[PDB]
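The chain below stands alone, shown as structure tokens; this is the form deposited in one PDB entry.
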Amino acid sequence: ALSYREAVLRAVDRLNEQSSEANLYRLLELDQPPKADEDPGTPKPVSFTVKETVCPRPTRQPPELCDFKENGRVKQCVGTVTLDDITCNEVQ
């Protein structure tokens, strides 16, 4: 970017301001943006929906073995999960 390079030059100017050195310095080389990992170990966002099943809540059964209720309630959930904090609201 232009403003990127323009920020490096303003910085060199500031380095010359906050310096007890005897001479000014100028840009010799602008290197590559030192690699910063994307997708670290921070919480990742999620969005999914759930529907009411026919199983009574206090069950030791995996919800995936539970049938969906005919006209059971559908909820939309958004939030985050840490691979290494969610709210659901009834749809319309």
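Under this definition, the rigid core comprises the largest set of C-alpha atoms superposing within 1.5 Å between the forms. Shifts are known only where both forms have a C-alpha. The numbering used is simple: start at 1 and walk along the sequence shown.
The entry models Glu17 and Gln18 with no unmodelled deposited residue separating them. Between the stretches 26 to 34 and 49 to 57, it is 26 to 34 that shows the larger average CA temperature factor.
Here the stretch with the larger average CA B-factor, out of 5 to 13 and 75 to 83, is 75 to 83.
Unshown form deposited in another entry; subsequent notes refer to it.
Here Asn71 does not count as shifted, since its C-alpha moves by less than 2 Å between the shown form and the other one after the core is aligned.
Annotation: Cα of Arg26 displaced by at least 2 Å between the shown form and the other one, core superposition. Comparing the conformations between the shown form and the other one, with the rigid core held fixed, yields only the displaced run 1 to 31, spanning 3+ consecutive residues whose C-alpha shift is 2 Å or more.
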